[PDB]
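See below for the structure under consideration.
Letters go in sequence order (proteins before strands), and every chain restarts at 1. The figures here come from the full heavy-atom set of this structure, side chains too, leaving out hydrogens, waters and symmetry mates. In listed order, ligands and their atoms are each counted from 1.
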There are 2 protein chains.
Amino acid sequence: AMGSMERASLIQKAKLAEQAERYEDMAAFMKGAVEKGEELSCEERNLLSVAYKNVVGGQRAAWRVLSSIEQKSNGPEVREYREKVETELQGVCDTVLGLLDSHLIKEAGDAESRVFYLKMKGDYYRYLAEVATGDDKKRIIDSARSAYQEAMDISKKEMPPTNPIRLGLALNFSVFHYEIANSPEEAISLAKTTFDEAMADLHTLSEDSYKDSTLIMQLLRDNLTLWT
Amino acid sequence: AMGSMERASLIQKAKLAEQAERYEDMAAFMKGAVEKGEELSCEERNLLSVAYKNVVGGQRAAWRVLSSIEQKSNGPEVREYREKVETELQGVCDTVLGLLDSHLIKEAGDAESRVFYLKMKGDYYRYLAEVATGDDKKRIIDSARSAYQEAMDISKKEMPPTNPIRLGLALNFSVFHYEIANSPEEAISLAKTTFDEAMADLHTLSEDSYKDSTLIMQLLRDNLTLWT
Ligand SMILES: [Cl-]
Ligand SMILES: [Cl-]
Ligand SMILES: [Cl-]
Ligand SMILES: [Cl-]
Ligand SMILES: [Cl-]
Ligand SMILES: [Cl-]
Ligand SMILES: [Mg+2]
Ligand SMILES: [Mg+2]
Ligand SMILES: [Mg+2]
Ligand SMILES: [Mg+2]
């Protein structure tokens, strides 16, 4: 429904929606921007990520509330409503994965862009995995793993160890290991090696880049504290 | 789209949506419950009010953000997006007013129910007034006034001065006077008389009712402090 709006107007309205904390509108404006077919700039990639992370973040928090109530109960209403929220969440994940597959990833040739979109692919498969069960859960877990792994391979070859997207990728792949793949040792090892390699590279950074990197290193630290 | 769901199931799902902070779902479930045609209990009236107050509250906060940006700017994008939010807000207000008019108010014979719904009618016209301009603004302001005034007349005849809905009605009618009707003296007079008459009636209340009443008296107090 955004096909008649100018790309630049969609981007401007995404930024306005962000200011107004209207994340569903923001995601719809950024979906329309992507569907114009042009590659996204660094700023525009961040708008896309913020919009959907806020939308899906709300759905995940709601799904968790409903799942807890449902598990305690174990009428059809709690299950029915958890399933409705779950379906809506899956639809948002499938929408984001669709944008990545058509055709953000294939056109992304620079390390910054390709790693950013593959991290997103890992994250949205991870969200699908959280609500999945059975073997269904297995192929979804492997899709999240594969995307994270390709992103990690490129980030290690192409980016310094303090690059914020490299750090955030490692952070989320470590959460995948801990929370999804039942590999807490792999999670802890990855977060520790990532933290230590970034610490050794901080001396190369300006004040502002130091601020950006140490913020994400603190997130790695917070997880290690929680997990150990 | 709720016509096939049992009334009791809609109410149960409204309560679940509230727990999950899913207020748009909560409002839709309560709209479906109202549309069953039966009167609402005290608990159900509160669910209806909470759902829509949260939905419209989000829209008002967003509209305010966008209006501020628009006024500072004075391309079409900020105006266009403020108008989109404004239209959505008006649609939610019209939906609530429609439920009150078809047929909650006319079937409400007890003071508690009638005052509750007339206060809601005042509030949703007040929200329409906030975004209205011109003469358009005048008929809307008069509709909010009329609803508040009928509610006040019944509350003074039928309820004690500490009744929480009577207090909340007076609180919101005083905000109407201050913020909409440009009658700050009427606002201050109403909040002060309401506060003083409730204070004189507190001695009649249980511990729990005392807690309920003094909470709203503090809201009256907070406004008087802001306005004086
Ligand atoms: Cl979350
Ligand atoms: Cl449902
Ligand atoms: Cl390429
Ligand atoms: Cl508000
Ligand atoms: Cl718009
Ligand atoms: Cl009646
Ligand atoms: Mg164009
Ligand atoms: Mg390219
Ligand atoms: Mg029935
Ligand atoms: Mg009746």
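Residue B:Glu39 approaches the Mg ion (ligand 10) most closely through its N/O/S atom OE2. The nearest N/O/S atom of B:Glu107 to the Mg ion (ligand 10) is O.
A:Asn74 and A:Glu70 share no side-chain donor-acceptor pair at under 3.5 Å. For the residue pair B:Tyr148 and B:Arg126, a side-chain donor N or O sits within less than 3.5 Å of a side-chain acceptor on the partner. Side chains of B:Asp25 and A:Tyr81: a donor-acceptor N/O pair is present below 3.5 angstrom, by distance only.
Residues B:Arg79 and B:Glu83 are paired through a salt bridge, judged by an N-O separation under 4.0 Å between the basic side chain and the carboxylate. Under a 4.0 Å N-O distance rule, the pair A:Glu6/A:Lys13 does not qualify as a salt bridge.
A cation-pi contact, defined as under 6.0 Å to the ring centre and within 45° of the axis, links B:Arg221 to B:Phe195.
Taking distances strictly below 2.8 Å, the protein N/O/S atoms close to the Mg ion (ligand 7) are A:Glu6 OE1.
A distance of 11.5 Å separates CD1 of B:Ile154 from CD of B:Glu112, quoted to the nearest 0.5 Å.
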